[PDB]
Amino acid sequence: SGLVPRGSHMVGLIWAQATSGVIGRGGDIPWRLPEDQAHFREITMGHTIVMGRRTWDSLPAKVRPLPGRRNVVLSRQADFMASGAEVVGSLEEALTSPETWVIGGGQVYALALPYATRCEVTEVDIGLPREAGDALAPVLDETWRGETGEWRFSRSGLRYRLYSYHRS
């Protein structure tokens, strides 16, 4: 199907996770998956994106701010320099755009989850176990519903699938 009705406010979370729920370590995403970059890009294009400061830090710098999207960086550092983005000091202000995609990281997903009505999740079939210091994906309960895509191979051979969850 791929349809998801929307209301006067849409707050979406988008992430890619290992089976174990690892999304981040050492300030990076511990795999590369071209189809997921393409998916992340097309979903978020033209929208406001919200990210924690550490996620802004983890962006390759030549791709800061992410092109074609309104970049919003959540930080408690009032003097934080984020060239080409805006810095907001609270989650409330961050989610004021009528359509917002939260693009990371572990901290901000957790805080934003209660307001979210879509989760766009790439499951990467990689057996990375949770380690000390890892950033972790939220656990979705059964208020979330939607569609699970088929397993696909990237040309590299890495296997992945897409979940598109929503709720009222």
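Just so we're on the same page, rigid core means the largest C-alpha set that superposes within 1.5 Å between forms. Residues carry their position along the shown sequence, with the first being 1.
For 48 to 56 versus 136 to 144, the mean Cα distance to the shown form in 9 other deposited structures of this protein after rigid core alignment is larger for 136 to 144. After superposition on the rigid core, the larger root-mean-square Cα deviation in 9 other deposited structures of this protein belongs to 23 to 31, not to the other of 112 to 120 and 23 to 31. Stretches 87 to 95 and 67 to 75 differ in mean C-alpha B factor, with the higher average recorded for 87 to 95.
Just going by the entry, 129 to 137 versus 29 to 37 on mean CA temperature factor gives the higher value to 129 to 137. In this structure the maximum Cα B-factor among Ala116, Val121, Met51, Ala61 is found at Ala61. Across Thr143, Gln107, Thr55, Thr100, the entry's maximum B-factor at the CA atom is seen for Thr143.
Among the modelled residues of its chain, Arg152 has a C-alpha B-factor that falls in the middle third, as given in the PDB entry.
Per the PDB record, residue ranking by Cα B-factor puts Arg161 in the lowest third of the chain. In the PDB entry, a CA B factor belonging to the middle third of its chain's modelled residues is recorded for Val11.
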